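J.: opening with a subset of the complex:
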Amino acid sequence: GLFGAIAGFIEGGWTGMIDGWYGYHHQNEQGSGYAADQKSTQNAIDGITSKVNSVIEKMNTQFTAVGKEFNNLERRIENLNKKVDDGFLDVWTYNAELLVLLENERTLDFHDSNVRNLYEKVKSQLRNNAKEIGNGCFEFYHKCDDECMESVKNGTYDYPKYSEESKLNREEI
Amino acid sequence: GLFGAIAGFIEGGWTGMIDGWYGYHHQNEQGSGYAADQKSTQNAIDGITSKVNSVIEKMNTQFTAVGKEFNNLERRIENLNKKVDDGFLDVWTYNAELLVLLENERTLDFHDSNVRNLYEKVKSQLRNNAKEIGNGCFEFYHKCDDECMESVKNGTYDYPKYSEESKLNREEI
Amino acid sequence: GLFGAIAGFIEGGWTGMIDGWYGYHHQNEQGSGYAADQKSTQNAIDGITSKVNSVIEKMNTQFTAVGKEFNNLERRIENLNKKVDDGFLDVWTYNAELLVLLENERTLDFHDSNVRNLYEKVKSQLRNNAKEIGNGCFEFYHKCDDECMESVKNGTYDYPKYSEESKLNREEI
């Protein structure tokens, strides 16, 4: 279930970003961006942690398994013992490899879903401004400082404060 | 694969809704809403029913398993028997727990996908009217009775009937 | 995880399309469409091929399994042998059936995701033109030949070439 975000419409990754997994890059009048989003990455860390711990928990630990001995008139019992051991070994190696493959699929799809959800969350609160272009970028018809940037990073935007000026600018373009 | 609908942009659930799993809430001139959608919930009920029945079907029922007896010169056979029983018990308990966990993941994602699909289905037939806001709500530029409500609930809207009046209203706003 | 494309907003399939799995249908001044998209179908073929080969690879091949013989004073060993064989047979048939069911779910969701991603990829490069309608169809405000068709099929559109004429046409409508 490729959600289309990672290596999709968003082209590549960020080396300069250090702190979290998912963040922003603001480019107003002063300074540049590369600020993480510590709210959506914490849920991801908790989910992956509880995933790995559960995978460790569902497996057990074997106790003392020591080989037995048979003479030359108990061949049937020896072949039966060898069959039992080989069977259980094959069953467990199959379970382990299959579990690892499916878990890797689901965790990559999980990160993809997180990025798409964060993009939709930004677009939902920026209603008709900012004219989204290219690899997940906006434009901001109205001009605003670092305060509106931090506002968008919080999840509160108070859209009727910046409505009419952005409307006039969108119309005059 | 969190689709972003349940506990996402749609905030909470409805206690007052009784009949189905997925429905609407209409707020025109007379009365209030809380009407279910008996078309999309029936497919969900059939899917979950055929899921649970399949999970019951793939397991079998054990027949008479009675313990055996050994004397004090057949210790090897007794240890072999105990090993076989413990091995099979561990394999089956692993299979059961792992199946339950993965099935729970997939059914929650299934309900999430259903809600997002229903939202997209409404938005697709309401083309440029109604100015979608907040937690999956519309506005209806044109004023219409319970008949247009029931029309939207059916899946037919005849958009060119209400086009020009809504266009005039959208322009005069 | 039904993505809503196959038997969703896109209603049915195409019989006339021959070459690939996912394609287009262009309806300009000369000729009709039914041209495949050889870039997105190749990744699908490679994914499904590496899926089937992996499923074949994770299973093994049994060697010589020949039945044993016991007299009328070794009933316990015979019952133990029968128990071991029946147990392993049940474990493997369970694994096989369960693997096939889950793999079928995931491959159908994979094709659904591919179709939705291709639709989004077209819509992303057709910014404000073409007024998308119905089961994944566009309109092209500006009139263009087979060259713009082949351009859209490549993934390059040079939107500022056709901007102002389409803007004038959209306004005069």
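T.: Nice, I can see it. Residues are numbered from 1 along each chain as shown, chains lettered A, B, ... in the order given.
J.: so which bits of the helix or strand hosting residue A:50 are buried?
T.: Secondary structure assignment for residue A:50, by DSSP states H and E: helix A:40-58. Of all the residues in helix A:40-58, those buried under the rule 16 or more other C-beta atoms under 10 Å in any protein chain shown are A:40, A:41, A:44. Using the backbone N, CA and C atoms, a C-beta is placed for each residue, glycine as well.
J.: starting at the chain centroid, how far to that helix?
T.: Between the mean C-alpha point of helix A:40-58 and the mean C-alpha point of its chain there is a distance of 11 Å (C-alpha atoms, centre = their mean, to the nearest Å).
J.: any residue of it touching chain B?
T.: Yes: in terms of C-beta under 8 Å from any C-beta of the partner chain, part of helix A:40-58 sits within range of chain B, namely A:54, A:58.
J.: need the contact partners of that helix.
T.: Under the criterion C-beta atoms under 8 Å, 6 or more residues apart in numbering or on different chains, residues A:20-22, A:99, A:103, A:107, A:110-111, A:114, A:117-118, B:94, B:97-98, B:101 lie in contact with helix A:40-58.
J.: let me know the closest of the buried residues of helix A:40-58 to residue B:147.
T.: Distance from residue B:147 was checked for each of the buried residues of helix A:40-58 by C-beta to C-beta. The minimum falls on residue A:40, at 43.0 Å.
J.: tell me which helix or strand the residue nearest the centre of chain A sits in.
T.: With distances taken as C-alpha atoms, centre = their mean, chain A has residue A:111 as the residue nearest its mean C-alpha position (2.0 Å). Secondary structure assigned from DSSP H and E places residue A:111 in helix A:75-125.
J.: what about the residue sitting furthest away from the middle of chain A, distance to chain C?
T.: Computed with C-alpha atoms, centre = their mean, the residue of chain A farthest from its C-alpha average is residue A:73, at 60.3 Å. Here residue A:73 is placed at a distance of 13 Å from chain C (C-beta to the nearest C-beta, to the nearest Å).
J.: and the helix holding residue A:50 with helix B:75-125, angle?
T.: Orientation of helix A:40-58 against helix B:75-125 (axes from the mean of the first three to the mean of the last three C-alpha atoms, to 10 degrees) gives an angle of 150 degrees.
J.: returning to that earlier point: in the helix or strand that the helix holding residue A:111 is followed by, what counts as buried?
T.: For helix A:75-125, the following helix or strand on the C-terminal side (DSSP H and E) is helix A:146-154. Within helix A:146-154, the residues scored as buried using 16+ other C-beta under 10 Å are A:148, A:149, A:151, A:152, A:153.
J.: go ahead and add chain D:
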Amino acid sequence: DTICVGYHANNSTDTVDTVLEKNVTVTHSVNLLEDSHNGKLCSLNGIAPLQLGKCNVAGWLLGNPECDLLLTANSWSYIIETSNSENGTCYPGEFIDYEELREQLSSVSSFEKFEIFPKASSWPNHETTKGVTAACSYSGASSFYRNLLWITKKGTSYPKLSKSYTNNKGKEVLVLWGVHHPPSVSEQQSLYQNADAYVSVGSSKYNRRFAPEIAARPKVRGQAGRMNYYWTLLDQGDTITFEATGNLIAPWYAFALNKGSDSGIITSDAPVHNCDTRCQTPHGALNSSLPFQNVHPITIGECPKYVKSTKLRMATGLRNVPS
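T.: Adding chain D to the chains above:
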């Protein structure tokens, strides 16, 4: 006017464990694991089970005189031993191949107990009523088993013994016997008056020549001698021959068998009632349809399958998010 879209909420409290989160609250769910059982042992499919009581399987088949009450039992579903069952072999010794006999008994559904060798007619040479030990005592008196027969001399004489029996019942016949050996040569000569002796058993696929062994050994239940026990299945047809010198514990009752599998030797001491089920454990009975089971791994019937977990709640519904 709005057509706000939303999902269903409920006031349920049943939680479901998933991979990425624990204790998720789901609106509707379904159980898949059994816990409850009535602490009773009912009859599986109408036929009542045979409770041995204070009796071992060997004690029941040899006819230990403490185990008299189940003298006339010939039909069961499964055999119950208790934790107090200790009256096996009263005279001390060894029941050879006792476990194989239990595995043969785990497939037989009924009996027909009959006379092979009638006590008053078949032995007109030896004494048949003056030989009995005091270790197997019964109400003060000294009684032997109820299915075997001790053989003594008749007035300082012991003729060579030979007796055969053919099979004419269509079913398989389970034959038991014993071989006694005393601790001293004086006891050997006092009971049998043969320095060397043997017994020999032959049918077609069983053939053995038993000789006694005489050695001093410490006493169990106040007896210094020993006794070994043996069993053989016949077929419809072939005949058995006993040929003895001075050492035979002759059979006196047989058992005709009947097939019909899926029996057991469940060991528990929960009481017996007369309901009807399709699944039976040593802890109790089970009545359900869920695919998993948690009571006990040793089952008789068509029982649900045993795992070793405590919770298998499976979610069928939405995440309960009250607004």
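J.: the buried residues of helix A:40-58 again please, this time with chain D.
T.: If you call a residue buried by 16+ other C-beta under 10 Å, then helix A:40-58 has these buried ones: A:40, A:41, A:44, A:47, A:50, A:51, A:54.
J.: stretch D:203-212 now?
T.: Counting neighbours by 16+ other C-beta under 10 Å, one finds that the buried residues in stretch D:203-212 are D:203, D:210, D:212.
J.: ok, so of those residues, who is nearest chain B?
T.: For the buried residues of stretch D:203-212, the closest approach to chain B (C-beta to the nearest C-beta) belongs to residue D:210, at 20.5 Å.
J.: is the closest one bridged to anything, and to what?
T.: residue D:199 (DSSP bridges).
J.: residue contacts, it?
T.: By C-beta under 8 Å, 6+ apart, the neighbours of residue D:210 are D:179, D:198, D:199, D:200, D:201, D:247.
J.: ok, so of those residues, who is nearest residue B:5?
T.: Out of the contacts of residue D:210, the one with the shortest distance to residue B:5 is residue D:201. That distance is 82.4 Å, counting by C-beta to C-beta.
J.: show me what from chain A comes close to chain B.
T.: Close to chain B, as judged by C-beta under 8 Å from any C-beta, chain A has residues A:1, A:3, A:54, A:58, A:60, A:68, A:70, A:77, A:80-81, A:84, A:88, A:91, A:95, A:99, A:102, A:106, A:109-110, A:113-114, A:116-117, A:120-121, A:124.
J.: could I have the buried ones of these as PyMOL selection syntax?
T.: Command for PyMOL that selects the buried part of those, burial taken from 16+ other C-beta under 10 Å:
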select buried, chain A and resi 1+3+54+77+80+81+84+88+91+95+99+106+109+110+113+114+116+117+124
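J.: list the contacts of the residue lying closest to residue D:208 once chain neighbours are set aside.
T.: Leaving out its chain neighbours, the residue that sits closest to residue D:208 by C-beta to C-beta, 6 or more residues apart in numbering or on different chains is residue D:201, at 5.7 Å. If you count contacts by C-beta under 8 Å, 6+ apart, residue D:201 has them with D:177, D:207, D:208, D:210, D:230, D:232, D:240, D:241, D:242, D:243.
J.: let's see that with 10 Å instead.
T.: Contacts of residue D:201 were listed using C-beta atoms under 10 Å, 6 or more residues apart in numbering or on different chains, and they are D:175, D:177, D:179, D:207-210, D:230, D:232, D:240-244, D:248.
J.: which residues touch the helix or strand harbouring residue D:102?
T.: In the assignment (DSSP H and E), residue D:102 maps to helix D:98-105. The list of residues contacting helix D:98-105 from outside it, by C-beta under 10 Å, 6+ apart, reads B:66, B:68-71, B:74, C:72-76, C:78-79, D:56-58, D:60-61, D:76, D:79, D:88-89, D:95, D:97, D:172, D:174, D:176, D:229, D:231, D:233, D:255, D:257, D:263-265.
J.: next one is chain E, place it on the structure:
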Amino acid sequence: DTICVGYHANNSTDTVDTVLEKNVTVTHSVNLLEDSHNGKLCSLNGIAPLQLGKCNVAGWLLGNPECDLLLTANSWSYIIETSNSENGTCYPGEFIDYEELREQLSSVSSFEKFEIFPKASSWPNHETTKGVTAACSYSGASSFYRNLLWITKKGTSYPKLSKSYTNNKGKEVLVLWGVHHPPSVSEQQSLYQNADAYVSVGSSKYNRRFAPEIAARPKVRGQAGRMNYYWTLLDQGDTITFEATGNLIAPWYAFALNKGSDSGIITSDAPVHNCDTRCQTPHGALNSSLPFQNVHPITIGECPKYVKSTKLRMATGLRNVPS
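T.: The block that follows adds chain E to the chains above:
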């Protein structure tokens, strides 16, 4: 002008079962389970299998004179028994450790049958040609086995018998012998003229002292006596010694062994042809590459894996939705 986007449709009818729905119609799919087999028994990797015909394994090794046609067979891939194979031990008795010998034969690929004790030279004291039973009859006449040798007296005399054999072939040698015992003491004295007798076999890790047992028993195939059979593997080096009084069935042919595993004693009666495969069942042969198999669980070769299902169609493609 439009650039309508759509997916592929087809007119296929192959259905695929998934979790949420049954019988889904998919455009392209792939099979993963085998059903077909040619009802023949071909030769695995060039070497033809050895068909016993109306012969048991014991009958083949002892050299039962009905089993004459396979007198010169010394190479196989796997051994075939039919449902009509009943000519095992002609003279009645018991082949001791018959199943362990089959498990040893399931690892040997060829033979070299040779004389241990030459019949005309090694026995210049006893008679070697006047002792033969009529139960093992052959075309009216009375013949014994083809690999063993009966021993009788030579004119009211029986010297003490002792004979040894060393191993100088590098391979393991499989040695068979027998011990006869009559039903009566009169027959014992008439054949052997020894009230007590023994045989004794010793090498380094095998050592036993056999004594006969004499008892009356009902006859099988019109013979009241019995005979027991025995087998021993030697090594490169160590020597075997036979030492007998009046009870020896002397060996007359051995078998040098050769390793090379993965053999079997498949029991079927489908006919034998001369194609070449890599997988063999009792029902037939298999030629495939799919990971699952449904024909039969008992296989010889590098066979695909056995499950107990009827359909494992795996979907590689879209949902076929014709518009």
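J.: re-run the earlier check on the contacts of residue D:210 with chain E in the model.
T.: Contacts of residue D:210 were listed using C-beta under 10 Å, 6+ apart, and they are D:177, D:179, D:181, D:197-201, D:228, D:230, D:244, D:247-248, E:213.
J.: so which of the residues you listed belong to strands?
T.: Judged by DSSP state E, the contacts of residue D:210 include D:177, D:179, D:181, D:199, D:200, D:201, D:228, D:230, D:244 as members of strands.
J.: what's the next secondary structure element after the helix holding residue D:102?
T.: Secondary structure here is assigned by DSSP H and E; on that basis, the next helix or strand after helix D:98-105 toward the C-terminus is strand D:110-114.
J.: thought the residue nearest to the centre of chain A was touching residue A:22?
T.: Yes: with contacts counted by C-beta atoms under 10 Å, residue A:111 reaches residue A:22, the gap being 8.7 Å.
J.: do you know how far the closest residue to chain D within chain A is from residue A:4?
T.: Using C-beta to the nearest C-beta, residue A:47 is the residue of chain A that sits closest to chain D, at 4.2 Å. Distance of residue A:47 to residue A:4, computed by C-beta to C-beta, to the nearest Å: 21 Å.
J.: same thing with residue A:75?
T.: Distance of residue A:75 to residue A:4, given as C-beta to C-beta: 61 Å.
J.: do residue A:43 as well
T.: Using C-beta to C-beta, one gets 21 Å for the distance from residue A:43 to residue A:4.
J.: checking the residue farthest from the centre of chain A next. Helix, strand or coil?
T.: Counting by DSSP: H, G, I helix; E, B strand; the rest coil, the backbone at residue A:73 sits in coil.
J.: wait, doesn't it sit right on residue E:205?
T.: No: Residue A:73 is not in contact with residue E:205 according to C-beta under 10 Å; the separation is 11.0 Å.
J.: out of the ones in strands among the contacts of residue D:210, which is most surrounded?
T.: With neighbours set by other C-beta atoms under 10 Å in any protein chain shown, the maximum within the ones in strands among the contacts of residue D:210 is found at residue D:199, which has 25 neighbours.
J.: interface residues of chain A facing chain C?
T.: Taking C-beta under 10 Å from any C-beta of the partner chain, the part of chain A that reaches chain C is made up of A:1-4, A:8-9, A:75-77, A:79-80, A:83-84, A:87-88, A:90-91, A:93-95, A:97-98, A:101-102, A:105-106, A:109, A:113, A:131-135.
J.: one more pass at 6 Å, please.
T.: Contacts of chain A with chain C, taken as C-beta under 6 Å from any C-beta of the partner chain, map to A:1, A:2, A:4, A:9, A:76, A:87.
J.: quick one: name the residues of chain A near chain E.
T.: Within chain A, the positions adjacent to chain E are A:73, A:75, A:76 by C-beta under 6 Å from any C-beta.
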